[PDB]
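Participant: This is the structure I want to talk about, given as C-alpha cells.
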Amino acid sequence: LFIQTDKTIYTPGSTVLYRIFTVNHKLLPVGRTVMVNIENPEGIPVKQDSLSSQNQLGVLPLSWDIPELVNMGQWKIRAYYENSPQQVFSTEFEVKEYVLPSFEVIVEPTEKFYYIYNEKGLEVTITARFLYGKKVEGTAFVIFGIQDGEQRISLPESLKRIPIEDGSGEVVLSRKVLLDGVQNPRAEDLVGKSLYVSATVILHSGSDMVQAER
Amino acid sequence: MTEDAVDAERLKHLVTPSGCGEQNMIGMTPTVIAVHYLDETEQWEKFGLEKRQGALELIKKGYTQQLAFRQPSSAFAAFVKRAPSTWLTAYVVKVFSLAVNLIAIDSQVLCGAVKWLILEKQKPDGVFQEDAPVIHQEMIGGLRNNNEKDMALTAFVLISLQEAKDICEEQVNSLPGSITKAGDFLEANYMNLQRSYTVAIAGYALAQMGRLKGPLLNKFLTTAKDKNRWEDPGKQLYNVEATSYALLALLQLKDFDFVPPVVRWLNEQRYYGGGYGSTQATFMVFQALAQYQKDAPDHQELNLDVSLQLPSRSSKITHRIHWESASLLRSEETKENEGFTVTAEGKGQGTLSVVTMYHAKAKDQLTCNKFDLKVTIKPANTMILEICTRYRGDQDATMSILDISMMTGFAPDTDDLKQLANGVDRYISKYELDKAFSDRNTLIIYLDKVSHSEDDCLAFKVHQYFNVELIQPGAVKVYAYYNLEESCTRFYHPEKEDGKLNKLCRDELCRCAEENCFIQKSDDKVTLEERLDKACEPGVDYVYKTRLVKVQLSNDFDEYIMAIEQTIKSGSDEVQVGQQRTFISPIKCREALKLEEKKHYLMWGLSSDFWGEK
C-alpha cells in the first residue's frame, strides 16, 4: 500500500486529501479491502474507515478535514490490508502554523565531508533564489555545530553574517574555531561526529525570513 | 499465570511398529501420544519438520495392521485365535479416539466394538469383567496389582467408553445406561478405595459423567500430599499416572486453584518417558500435557460492553471491548461540556480517560517578552528618532535585528546613517545604504550585541518631503535571529503617544472612530436655511430633539444623559420618547466642546452612529 498525500504540511482547519494505492507482490492492481487509521502526534487513532478496491483500479481517493483544536507535530496515517493486519504501511504529514515562504535557500558545501587535517576549514556556499526563478539580495546568518548521537551542540564563535549579492555567499569555519568550540583538544578523537549548517536568510526588504538546514 | 510446556528437545527417543497386537500397541502409543503432544504445543518448528511425515507413515502402518488384526466381532486381542481381551479392546478404542484427528479411523468399527463389549462383556451390576488378562501385563500400570483392581478396570473402561460416547452416540443408545450404572457402582463403594491411583481413576470416571459433588471433593483435596500429587508406596510410575488422572479431573472440573502446583510438580519431576513398564504412565502424562494446551488456564475474560449517557440524549452510544480489541482505542468527540453517565458491564477490566481542550484567558502574558524596546520621536523638517533596547535575560544577547519601518513620506537623513554604519556593533547593508534618498521608507539595522544590563541605544534624524496629512504610524521590531515567534513591536507617531489609533472600546467590543468630533462652526453662516436644506442629504438618517440632563465621565470616553423629546425624522429605532439616553463620545471631544445640561440641542447622523447592543 503506497500512500500518497498531496502536500507535506497542513495547517489546522485545512482538509487532507490522500490516496491509497493497492498493488500485489508483482506490482499489479488488486481488489482487496483496506483499513486506515489516522493517528495523533501521541498515537491515538482519530478516524477509522474501511474501503474496497474492487472496480476502482487500485486507487482509493479519500479525505479528512483537520479539526481546529489539534495537537501539532508529526501525524501518521497507517493503512493495512484486512486479511493481514500485522503488516502496516504508513506515511507522515506535519501539522504546523505556517505561511508559505517566498524563496528557497540551498546550502551545499564544496565537498560533502570535512578533512580533519585540512588547515583551511569547512567551505560552505549559501545560495538563495526566488521561487519563480530570480536572484535574491539579502543578508544571511549561518552557524555550525557538532552533531554526535542525538545531542546537538552549537559553536558560539561561529555565527557569521555574510551578505549575499547576486544570490550567493560563502563563509568558512576555521579549524581553530572547530577545535576550540569542542572541549576535546584531540582533533583525531573528533572523527565520526557530524557537522551541521543552519542558515537563516533575510531580504533587504526585511519582509520575509526563511531557514534552511543541511 | 501459566506454566511453560516441555521443549521436547530430549523427546527424540519416542519406535517403529512391529510384533503382534500387544507389541504394535507398545510401538504406537508413545509415538502417537508424542505427535499429539507436539501438535497441541505447536513446537514442530524446532523438533524437526521432516520427522512428522515418517511418524504419520509408521502410525498409519500400525493402524492398518491392527485393522487387519480386528476380530469379526469388532474385537481386539493379542491373537485372533486367542479370546478377546476387554482391556485390549478398551485401549484400542482409546487409541482410535485419539487418532481420528490425525488418521482416518472407521467409526463403524468403534460402534461394533462398543456393541460387542456392551452385549456380553459386562455384568448387570455395572462391573466390567476381564475375560482374558494380557500375556504381558508388566506395562499395564496399576492394574497389575490385584487390590481394588476391579474398580480400576471399571473406571478405565468407563472413561474409554465415555470419551468415545459422542463418536457412537447415534449407533448405540444403551451406552448412557451402562455409563450411569458404572458410575453408580463406582460411587457406591468409593469409601473402600485406598490406593491413590484407584481413587484418582474412580474420581475421573465419576467426574466425566457429572456426579462429583459433596464430600467427594473435600476427600480428594484432603488426599493430596504436599498439595501437588497423589502418591502411593511402590513404583513412582503409579504416582505419576495418578497425578495425571487427577489433573485431568481438575481440568474437567475447571478448578484453577490446584492446576499450577500439579503442573509445577510434573515439570520439576522431569519425566521424559521411555523405560520398561511405563507405557500407561507416559501415555497419560503426555495426553495430560497436550490437553493442558489449547485450554491453557489464563485470564482472558475481556467482554466489556460500555454505554454512554450523552447529555444531549440524542441516542445511546455503546461499544464493546473484547480480547481481540484489548488494544482498540475508540475516541469520542463532544462539542458540549456536561455531565454524562458511563455504564460498564461484562467481565474484565477497562480504563476511562477524559480530556478537555480550550482557550484560557492570558494570565498577564505580554507579547514583548525577554526584550525591552522604548521607541521615541521628538522634534529637533527634522525629527530625532532614538530607539532604546535591552535584553531581559540573565546573559548577554546574541546577534539581533533592529528593524525600522518609516511612516508615510518620511526618510532617514543620509548623513547620520554613514557614521551609524561606520560605528561599532551596528552594521547596515551596503545595498540599503547606497540607494537611500526619497526611495527608502524601510531601513534594517543589524546589532552585534544587545546589552542585558544597560541601555545602549542609537539616534538618527528623519526628514519630511511629501507633506501629506493623516500620517500612517511607523513601526520598530526587534528579534534575535534564531527565532521569529519571540519578538517585540513598538509604533512611533509624532503626535499620538504610541500611535495606537483612536479605539473606543467597551468591555471587549472594540471599534475605531477616526474622524473629527464636530464641525468647528463660528456661526459665520447665520442662514440656517442652507443647513436645513443640506441636512436632507442621503448621508443623514435621523434627527432628534435632545436635552442634556446629567454629565458623566469615564476612562477614555464621556457619557451624557440625554432626554429625548421627539423623533423628528425616523431613526431606525424605537421612538421611546421621554426616557433617559446615553451618548458615548471620545475623551478628546471634551476639549472641542462641552455640552451643557438643561439645554436643547439639535443633532443629525447616520446608521453607524448607533453603536452598541440593544
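Each chain in the C-alpha cells gets a letter, A, B and so on, in the order shown; residues start at 1 in every chain, and ligands are counted from 1 in the order they appear.
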Per DSSP on the backbone, what are the helix (DSSP H, G or I) residues of segment 390-473 of chain B, as a CSV table (one decimal) with N, CA, C and O atoms, in the first residue's frame?
Facilitator:
chain,number,residue,atom,x,y,z
B,414,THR,N,20.5,61.0,5.4
B,414,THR,CA,21.6,60.1,4.9
B,414,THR,C,23.0,60.5,5.5
B,414,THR,O,23.9,59.7,5.3
B,415,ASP,N,23.1,61.6,6.2
B,415,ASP,CA,24.4,62.0,6.8
B,415,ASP,C,24.6,61.1,8.0
B,415,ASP,O,25.8,60.7,8.3
B,416,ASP,N,23.6,60.8,8.8
B,416,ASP,CA,23.8,60.1,10.1
B,416,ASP,C,24.0,58.6,9.8
B,416,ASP,O,24.8,58.0,10.5
B,417,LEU,N,23.3,58.1,8.8
B,417,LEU,CA,23.5,56.6,8.6
B,417,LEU,C,24.9,56.3,8.2
B,417,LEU,O,25.3,55.1,8.5
B,418,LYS,N,25.7,57.2,7.7
B,418,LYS,CA,27.0,56.9,7.3
B,418,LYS,C,27.8,56.5,8.6
B,418,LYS,O,28.5,55.5,8.6
B,419,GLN,N,27.8,57.4,9.6
B,419,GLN,CA,28.6,57.0,10.8
B,419,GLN,C,27.9,55.9,11.6
B,419,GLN,O,28.5,55.2,12.4
B,420,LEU,N,26.6,55.7,11.5
B,420,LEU,CA,25.9,54.6,12.1
B,420,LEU,C,26.5,53.3,11.5
B,420,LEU,O,26.8,52.4,12.3
B,421,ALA,N,26.6,53.2,10.2
B,421,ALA,CA,27.2,52.0,9.6
B,421,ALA,C,28.6,51.9,10.0
B,421,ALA,O,29.2,50.8,10.2
B,422,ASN,N,29.3,53.1,10.0
B,422,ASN,CA,30.7,53.1,10.4
B,422,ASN,C,31.0,52.7,11.8
B,422,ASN,O,32.0,52.1,12.1
B,430,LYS,N,25.0,47.4,2.6
B,430,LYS,CA,25.5,48.3,1.7
B,430,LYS,C,24.4,48.7,0.7
B,430,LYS,O,24.3,49.8,0.2
B,431,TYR,N,23.6,47.7,0.3
B,431,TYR,CA,22.5,47.9,-0.7
B,431,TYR,C,21.5,48.9,-0.1
B,431,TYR,O,21.1,49.8,-0.9
B,432,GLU,N,21.2,48.8,1.1
B,432,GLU,CA,20.3,49.8,1.7
B,432,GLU,C,20.9,51.1,1.9
B,432,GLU,O,20.3,52.2,1.8
B,433,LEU,N,22.3,51.2,2.0
B,433,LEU,CA,23.0,52.4,2.3
B,433,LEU,C,23.1,53.2,1.0
B,433,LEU,O,23.0,54.5,1.0
B,434,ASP,N,23.4,52.6,-0.2
B,434,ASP,CA,23.7,53.3,-1.4
B,434,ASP,C,22.5,53.9,-2.0
B,434,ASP,O,22.5,55.0,-2.6
B,435,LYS,N,21.3,53.3,-2.0
B,435,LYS,CA,20.1,53.8,-2.6
B,435,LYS,C,19.6,55.0,-1.9
B,435,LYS,O,19.5,56.1,-2.4
B,437,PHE,N,17.9,58.1,-0.1
B,437,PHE,CA,17.1,59.2,-0.8
B,437,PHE,C,15.6,59.0,-0.4
B,437,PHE,O,15.3,58.3,0.5
B,438,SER,N,14.8,59.6,-1.2
B,438,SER,CA,13.3,59.5,-1.0
B,438,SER,C,12.8,58.1,-1.3
B,438,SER,O,11.6,57.9,-1.0
B,439,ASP,N,13.6,57.3,-1.9
B,439,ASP,CA,13.1,56.0,-2.3
B,439,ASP,C,12.9,55.0,-1.2
B,439,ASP,O,12.1,54.0,-1.3
Participant: Starting from chain A, keep only residues with some atom at most 8 Å from an atom of chain B, counting only C-alpha atoms, and report them as a list in words.
Facilitator: residues 44, 45, 46, 69, 139, 141, 163, 200, 204, 205 and 206 of chain A
Participant: Residues within 12 Å of residue 53 of chain A, please, as an MDAnalysis selection string. Count only C-alpha atoms; anything in the same chain fewer than 2 positions from it doesn't count.
Facilitator: chainID A and resid 1 19:23 29:35 50:51 55:61 81:82
Participant: May I ask which of the residues B:382, B:252, B:365, B:400 is the closest one to residue 465 of chain B, counting only C-alpha atoms?
Facilitator: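 Nearest candidate to residue 465 of chain B out of B:382, B:252, B:365, B:400: B:382.
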Participant: When you look at residue 135 of chain B with a cut-off of 9 Å (counting only C-alpha atoms), what residues show up, excluding the ones that are within fewer than 2 positions of it in the same chain? I need them as a PDB file with N, CA, C and O atoms, in the first residue's frame.
Facilitator:
ATOM      1  N   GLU B  22      -0.228 -56.679  20.824  1.00  0.00           N
ATOM      2  CA  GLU B  22       0.319 -56.049  22.022  1.00  0.00           C
ATOM      3  C   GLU B  22       1.604 -55.293  21.710  1.00  0.00           C
ATOM      4  O   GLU B  22       1.794 -54.156  22.163  1.00  0.00           O
ATOM      5  N   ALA B  78      -4.502 -60.084  21.407  1.00  0.00           N
ATOM      6  CA  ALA B  78      -3.135 -60.396  21.003  1.00  0.00           C
ATOM      7  C   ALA B  78      -3.115 -61.319  19.792  1.00  0.00           C
ATOM      8  O   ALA B  78      -2.318 -61.126  18.867  1.00  0.00           O
ATOM      9  N   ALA B 132      -9.956 -62.219  29.685  1.00  0.00           N
ATOM     10  CA  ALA B 132      -8.649 -62.737  29.301  1.00  0.00           C
ATOM     11  C   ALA B 132      -7.561 -61.723  29.630  1.00  0.00           C
ATOM     12  O   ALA B 132      -7.378 -60.747  28.890  1.00  0.00           O
ATOM     13  N   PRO B 133      -6.832 -61.907  30.731  1.00  0.00           N
ATOM     14  CA  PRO B 133      -5.734 -60.988  31.047  1.00  0.00           C
ATOM     15  C   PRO B 133      -4.647 -61.036  29.984  1.00  0.00           C
ATOM     16  O   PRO B 133      -4.388 -62.075  29.372  1.00  0.00           O
ATOM     17  N   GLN B 137       1.586 -58.261  31.115  1.00  0.00           N
ATOM     18  CA  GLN B 137       0.896 -57.331  31.996  1.00  0.00           C
ATOM     19  C   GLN B 137       1.852 -56.465  32.805  1.00  0.00           C
ATOM     20  O   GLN B 137       1.410 -55.760  33.717  1.00  0.00           O
ATOM     21  N   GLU B 138       3.149 -56.502  32.497  1.00  0.00           N
ATOM     22  CA  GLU B 138       4.114 -55.705  33.243  1.00  0.00           C
ATOM     23  C   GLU B 138       4.093 -54.235  32.852  1.00  0.00           C
ATOM     24  O   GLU B 138       4.742 -53.425  33.521  1.00  0.00           O
TER      25      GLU B 138
END
Participant: Find the residues near residue 208 of chain B: any atom within 10 Å, counting only C-alpha atoms, skip ones fewer than 6 places away on the same chain, and give them as a list in words.
Facilitator: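 Counting only the stated atoms, we get residues 158, 159, 162, 163, 183, 248, 249, 252 and 253 of chain B.
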Participant: Next, the residues of the selection above should be written as a short mmCIF file (atom, residue, chain, number, x, y, z; two decimals), in the first residue's frame with N, CA, C and O atoms.
Facilitator:
data_model
loop_
_atom_site.label_atom_id
_atom_site.label_comp_id
_atom_site.auth_asym_id
_atom_site.auth_seq_id
_atom_site.Cartn_x
_atom_site.Cartn_y
_atom_site.Cartn_z
N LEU B 158 -14.87 -47.32 31.69
CA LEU B 158 -15.89 -46.28 31.65
C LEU B 158 -15.36 -45.01 30.99
O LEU B 158 -16.07 -44.38 30.20
N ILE B 159 -14.13 -44.63 31.31
CA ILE B 159 -13.53 -43.46 30.68
C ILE B 159 -13.35 -43.69 29.18
O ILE B 159 -13.62 -42.81 28.36
N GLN B 162 -16.81 -43.38 27.59
CA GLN B 162 -17.34 -42.02 27.60
C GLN B 162 -16.60 -41.12 26.62
O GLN B 162 -17.21 -40.28 25.95
N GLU B 163 -15.27 -41.27 26.52
CA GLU B 163 -14.52 -40.47 25.56
C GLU B 163 -14.86 -40.85 24.12
O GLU B 163 -14.66 -40.03 23.22
N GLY B 183 -21.13 -45.64 36.81
CA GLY B 183 -20.90 -44.55 37.74
C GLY B 183 -21.53 -44.80 39.10
O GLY B 183 -20.93 -44.51 40.14
N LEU B 248 -6.32 -34.28 34.97
CA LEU B 248 -7.43 -34.34 34.01
C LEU B 248 -8.77 -34.11 34.70
O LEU B 248 -9.63 -33.40 34.16
N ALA B 249 -8.97 -34.70 35.88
CA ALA B 249 -10.21 -34.47 36.61
C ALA B 249 -10.35 -33.01 37.01
O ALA B 249 -11.44 -32.44 36.93
N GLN B 252 -11.30 -31.05 33.92
CA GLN B 252 -12.71 -31.28 33.64
C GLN B 252 -13.59 -30.47 34.59
O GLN B 252 -14.60 -29.89 34.17
N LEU B 253 -13.22 -30.42 35.87
CA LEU B 253 -13.92 -29.59 36.84
C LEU B 253 -13.55 -28.12 36.75
O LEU B 253 -14.22 -27.30 37.38
#
Participant: Using only C-alpha atoms, determine which residues lie at most 9 Å from residue 79 of chain B, disregarding the query and same-chain residues fewer than 6 positions distant; provide the list as a count of residues only.
Facilitator: 3
Participant: With distances taken over only C-alpha atoms, which residue among A:175, A:25, A:7, A:160 lies nearest residue 94 of chain A?
Facilitator: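 Selected residue with least distance to residue 94 of chain A: A:7.
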Participant: Excluding segment 295-304 of chain B and residues on its chain fewer than 4 positions from it, collect all residues at most 8 Å away from it, counting only C-alpha atoms, and give them as a PDB file with N, CA, C and O atoms, in the first residue's frame.
Facilitator:
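Output saved as selection.pdb:
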ATOM      1  N   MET B   1       0.368 -16.323  34.290  1.00  0.00           N
ATOM      2  CA  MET B   1      -0.342 -17.284  35.135  1.00  0.00           C
ATOM      3  C   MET B   1      -0.410 -18.662  34.482  1.00  0.00           C
ATOM      4  O   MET B   1      -1.386 -19.395  34.653  1.00  0.00           O
ATOM      5  N   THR B   2       0.627 -19.022  33.730  1.00  0.00           N
ATOM      6  CA  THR B   2       0.689 -20.296  33.036  1.00  0.00           C
ATOM      7  C   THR B   2       2.087 -20.883  33.167  1.00  0.00           C
ATOM      8  O   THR B   2       3.065 -20.170  33.402  1.00  0.00           O
ATOM      9  N   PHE B 256      -9.031 -24.069  39.146  1.00  0.00           N
ATOM     10  CA  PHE B 256      -7.778 -23.384  38.863  1.00  0.00           C
ATOM     11  C   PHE B 256      -6.903 -23.195  40.094  1.00  0.00           C
ATOM     12  O   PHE B 256      -5.791 -22.671  39.967  1.00  0.00           O
ATOM     13  N   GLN B 291      -3.583 -31.897  26.531  1.00  0.00           N
ATOM     14  CA  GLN B 291      -4.888 -31.343  26.873  1.00  0.00           C
ATOM     15  C   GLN B 291      -4.758 -30.047  27.659  1.00  0.00           C
ATOM     16  O   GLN B 291      -5.655 -29.197  27.608  1.00  0.00           O
ATOM     17  N   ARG B 320     -18.239  -2.245  22.546  1.00  0.00           N
ATOM     18  CA  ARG B 320     -17.826  -3.482  23.191  1.00  0.00           C
ATOM     19  C   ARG B 320     -16.327  -3.677  23.025  1.00  0.00           C
ATOM     20  O   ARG B 320     -15.773  -3.424  21.951  1.00  0.00           O
ATOM     21  N   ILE B 321     -15.678  -4.127  24.094  1.00  0.00           N
ATOM     22  CA  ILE B 321     -14.245  -4.392  24.101  1.00  0.00           C
ATOM     23  C   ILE B 321     -14.046  -5.878  24.356  1.00  0.00           C
ATOM     24  O   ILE B 321     -14.513  -6.407  25.372  1.00  0.00           O
ATOM     25  N   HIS B 322     -13.353  -6.545  23.443  1.00  0.00           N
ATOM     26  CA  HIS B 322     -13.071  -7.969  23.547  1.00  0.00           C
ATOM     27  C   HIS B 322     -11.563  -8.190  23.604  1.00  0.00           C
ATOM     28  O   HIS B 322     -10.771  -7.246  23.562  1.00  0.00           O
ATOM     29  N   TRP B 323     -11.170  -9.461  23.711  1.00  0.00           N
ATOM     30  CA  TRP B 323      -9.751  -9.794  23.755  1.00  0.00           C
ATOM     31  C   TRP B 323      -9.051  -9.389  22.465  1.00  0.00           C
ATOM     32  O   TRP B 323      -7.928  -8.870  22.494  1.00  0.00           O
ATOM     33  N   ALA B 326      -8.529  -5.677  22.779  1.00  0.00           N
ATOM     34  CA  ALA B 326      -7.962  -5.222  24.044  1.00  0.00           C
ATOM     35  C   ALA B 326      -7.094  -3.983  23.866  1.00  0.00           C
ATOM     36  O   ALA B 326      -6.911  -3.216  24.816  1.00  0.00           O
ATOM     37  N   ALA B 344     -20.556   0.438  32.785  1.00  0.00           N
ATOM     38  CA  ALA B 344     -19.599  -0.611  32.465  1.00  0.00           C
ATOM     39  C   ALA B 344     -20.196  -1.961  32.832  1.00  0.00           C
ATOM     40  O   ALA B 344     -20.592  -2.176  33.982  1.00  0.00           O
ATOM     41  N   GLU B 345     -20.255  -2.864  31.856  1.00  0.00           N
ATOM     42  CA  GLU B 345     -20.838  -4.182  32.056  1.00  0.00           C
ATOM     43  C   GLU B 345     -19.982  -5.223  31.351  1.00  0.00           C
ATOM     44  O   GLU B 345     -19.256  -4.921  30.402  1.00  0.00           O
ATOM     45  N   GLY B 346     -20.080  -6.457  31.828  1.00  0.00           N
ATOM     46  CA  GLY B 346     -19.321  -7.560  31.282  1.00  0.00           C
ATOM     47  C   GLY B 346     -18.075  -7.862  32.099  1.00  0.00           C
ATOM     48  O   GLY B 346     -17.580  -7.039  32.873  1.00  0.00           O
ATOM     49  N   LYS B 347     -17.567  -9.078  31.922  1.00  0.00           N
ATOM     50  CA  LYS B 347     -16.362  -9.492  32.625  1.00  0.00           C
ATOM     51  C   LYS B 347     -15.141  -8.770  32.070  1.00  0.00           C
ATOM     52  O   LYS B 347     -15.085  -8.405  30.893  1.00  0.00           O
ATOM     53  N   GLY B 348     -14.155  -8.562  32.933  1.00  0.00           N
ATOM     54  CA  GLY B 348     -12.920  -7.895  32.573  1.00  0.00           C
ATOM     55  C   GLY B 348     -12.814  -6.532  33.224  1.00  0.00           C
ATOM     56  O   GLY B 348     -13.667  -6.117  34.013  1.00  0.00           O
ATOM     57  N   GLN B 349     -11.744  -5.824  32.875  1.00  0.00           N
ATOM     58  CA  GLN B 349     -11.475  -4.502  33.422  1.00  0.00           C
ATOM     59  C   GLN B 349     -11.203  -3.533  32.283  1.00  0.00           C
ATOM     60  O   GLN B 349     -10.663  -3.910  31.241  1.00  0.00           O
ATOM     61  N   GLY B 350     -11.580  -2.273  32.494  1.00  0.00           N
ATOM     62  CA  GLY B 350     -11.426  -1.262  31.470  1.00  0.00           C
ATOM     63  C   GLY B 350     -10.909   0.036  32.057  1.00  0.00           C
ATOM     64  O   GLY B 350     -10.938   0.255  33.271  1.00  0.00           O
TER      65      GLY B 350
END
Participant: Would you mind reading off the distance between atom CA of residue 474 of chain B and atom CA of residue 510 of chain B, one decimal, in Å?
Facilitator: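 One can read the atom CA of residue 474 of chain B to atom CA of residue 510 of chain B distance as 21.9 Å.
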Participant: Go through segment 451-486 of chain B and flag each residue having an atom no more than 12 Å from segment 372-377 of chain B; for those, report the closest pair of atoms plus their distance in Å to one decimal, using only C-alpha atoms, ordered by chain and rising number, as a tab-separated table.
Facilitator:
residue	atom	partner	partner_atom	distance
B:451	CA	B:372	CA	10.6
B:452	CA	B:372	CA	9.6
B:453	CA	B:372	CA	11.3
B:454	CA	B:372	CA	11.2
B:455	CA	B:372	CA	9.5
B:456	CA	B:373	CA	11.5
B:457	CA	B:374	CA	9.8
B:458	CA	B:375	CA	10.4
B:459	CA	B:376	CA	9.5
B:460	CA	B:377	CA	10.1
B:461	CA	B:377	CA	9.5
B:462	CA	B:377	CA	9.7
B:473	CA	B:377	CA	11.5
B:474	CA	B:375	CA	10.5
B:475	CA	B:375	CA	9.1
B:476	CA	B:375	CA	7.4
B:477	CA	B:373	CA	8.5
B:478	CA	B:373	CA	8.0
B:479	CA	B:373	CA	10.6
Participant: Please produce a file of the residues just selected, as a PDB file, in the first residue's frame, where the atoms kept are N, CA, C and O atoms.
Facilitator:
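Heads up, here's the output in result04.pdb:
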ATOM      1  N   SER B 451      22.716  44.890  24.928  1.00  0.00           N
ATOM      2  CA  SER B 451      23.109  44.853  26.329  1.00  0.00           C
ATOM      3  C   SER B 451      21.953  44.384  27.202  1.00  0.00           C
ATOM      4  O   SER B 451      20.807  44.799  27.017  1.00  0.00           O
ATOM      5  N   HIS B 452      22.258  43.504  28.155  1.00  0.00           N
ATOM      6  CA  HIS B 452      21.258  42.980  29.074  1.00  0.00           C
ATOM      7  C   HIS B 452      21.327  43.619  30.453  1.00  0.00           C
ATOM      8  O   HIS B 452      20.557  43.232  31.337  1.00  0.00           O
ATOM      9  N   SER B 453      22.221  44.578  30.659  1.00  0.00           N
ATOM     10  CA  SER B 453      22.330  45.274  31.933  1.00  0.00           C
ATOM     11  C   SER B 453      22.179  46.781  31.822  1.00  0.00           C
ATOM     12  O   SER B 453      21.638  47.397  32.741  1.00  0.00           O
ATOM     13  N   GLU B 454      22.637  47.389  30.735  1.00  0.00           N
ATOM     14  CA  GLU B 454      22.471  48.815  30.497  1.00  0.00           C
ATOM     15  C   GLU B 454      21.690  49.022  29.203  1.00  0.00           C
ATOM     16  O   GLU B 454      21.342  48.070  28.503  1.00  0.00           O
ATOM     17  N   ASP B 455      21.413  50.285  28.888  1.00  0.00           N
ATOM     18  CA  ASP B 455      20.649  50.647  27.696  1.00  0.00           C
ATOM     19  C   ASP B 455      21.549  51.439  26.753  1.00  0.00           C
ATOM     20  O   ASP B 455      21.602  52.669  26.819  1.00  0.00           O
ATOM     21  N   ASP B 456      22.255  50.734  25.874  1.00  0.00           N
ATOM     22  CA  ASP B 456      22.966  51.374  24.775  1.00  0.00           C
ATOM     23  C   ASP B 456      22.006  51.495  23.602  1.00  0.00           C
ATOM     24  O   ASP B 456      21.432  50.495  23.157  1.00  0.00           O
ATOM     25  N   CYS B 457      21.823  52.714  23.106  1.00  0.00           N
ATOM     26  CA  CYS B 457      20.841  52.923  22.058  1.00  0.00           C
ATOM     27  C   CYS B 457      21.247  54.091  21.177  1.00  0.00           C
ATOM     28  O   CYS B 457      22.013  54.967  21.581  1.00  0.00           O
ATOM     29  N   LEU B 458      20.692  54.095  19.970  1.00  0.00           N
ATOM     30  CA  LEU B 458      21.122  54.943  18.870  1.00  0.00           C
ATOM     31  C   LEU B 458      20.095  56.041  18.631  1.00  0.00           C
ATOM     32  O   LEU B 458      19.011  56.047  19.216  1.00  0.00           O
ATOM     33  N   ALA B 459      20.448  56.975  17.753  1.00  0.00           N
ATOM     34  CA  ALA B 459      19.590  58.118  17.472  1.00  0.00           C
ATOM     35  C   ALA B 459      20.018  58.753  16.161  1.00  0.00           C
ATOM     36  O   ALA B 459      21.165  59.183  16.028  1.00  0.00           O
ATOM     37  N   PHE B 460      19.098  58.824  15.203  1.00  0.00           N
ATOM     38  CA  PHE B 460      19.387  59.450  13.925  1.00  0.00           C
ATOM     39  C   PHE B 460      18.155  60.191  13.429  1.00  0.00           C
ATOM     40  O   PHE B 460      17.028  59.914  13.845  1.00  0.00           O
ATOM     41  N   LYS B 461      18.388  61.143  12.531  1.00  0.00           N
ATOM     42  CA  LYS B 461      17.383  62.110  12.116  1.00  0.00           C
ATOM     43  C   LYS B 461      16.615  61.615  10.899  1.00  0.00           C
ATOM     44  O   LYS B 461      17.167  60.922  10.041  1.00  0.00           O
ATOM     45  N   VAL B 462      15.339  61.988  10.824  1.00  0.00           N
ATOM     46  CA  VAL B 462      14.480  61.663   9.693  1.00  0.00           C
ATOM     47  C   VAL B 462      13.807  62.944   9.218  1.00  0.00           C
ATOM     48  O   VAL B 462      13.307  63.726  10.033  1.00  0.00           O
ATOM     49  N   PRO B 473       1.186  55.649  11.249  1.00  0.00           N
ATOM     50  CA  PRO B 473       2.209  55.376  12.262  1.00  0.00           C
ATOM     51  C   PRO B 473       3.203  54.339  11.769  1.00  0.00           C
ATOM     52  O   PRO B 473       2.841  53.383  11.084  1.00  0.00           O
ATOM     53  N   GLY B 474       4.462  54.527  12.137  1.00  0.00           N
ATOM     54  CA  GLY B 474       5.526  53.643  11.712  1.00  0.00           C
ATOM     55  C   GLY B 474       5.549  52.359  12.511  1.00  0.00           C
ATOM     56  O   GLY B 474       4.533  51.903  13.038  1.00  0.00           O
ATOM     57  N   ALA B 475       6.731  51.756  12.583  1.00  0.00           N
ATOM     58  CA  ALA B 475       6.904  50.535  13.349  1.00  0.00           C
ATOM     59  C   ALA B 475       8.378  50.326  13.632  1.00  0.00           C
ATOM     60  O   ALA B 475       9.238  50.790  12.883  1.00  0.00           O
ATOM     61  N   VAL B 476       8.658  49.640  14.734  1.00  0.00           N
ATOM     62  CA  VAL B 476      10.000  49.192  15.082  1.00  0.00           C
ATOM     63  C   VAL B 476       9.873  47.783  15.637  1.00  0.00           C
ATOM     64  O   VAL B 476       9.012  47.523  16.482  1.00  0.00           O
ATOM     65  N   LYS B 477      10.712  46.869  15.167  1.00  0.00           N
ATOM     66  CA  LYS B 477      10.564  45.468  15.532  1.00  0.00           C
ATOM     67  C   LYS B 477      11.932  44.832  15.678  1.00  0.00           C
ATOM     68  O   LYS B 477      12.726  44.861  14.738  1.00  0.00           O
ATOM     69  N   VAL B 478      12.205  44.254  16.844  1.00  0.00           N
ATOM     70  CA  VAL B 478      13.479  43.596  17.105  1.00  0.00           C
ATOM     71  C   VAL B 478      13.218  42.124  17.354  1.00  0.00           C
ATOM     72  O   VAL B 478      12.156  41.740  17.851  1.00  0.00           O
ATOM     73  N   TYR B 479      14.196  41.295  17.013  1.00  0.00           N
ATOM     74  CA  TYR B 479      14.081  39.872  17.289  1.00  0.00           C
ATOM     75  C   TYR B 479      15.432  39.217  17.088  1.00  0.00           C
ATOM     76  O   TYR B 479      16.107  39.482  16.095  1.00  0.00           O
TER      77      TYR B 479
END
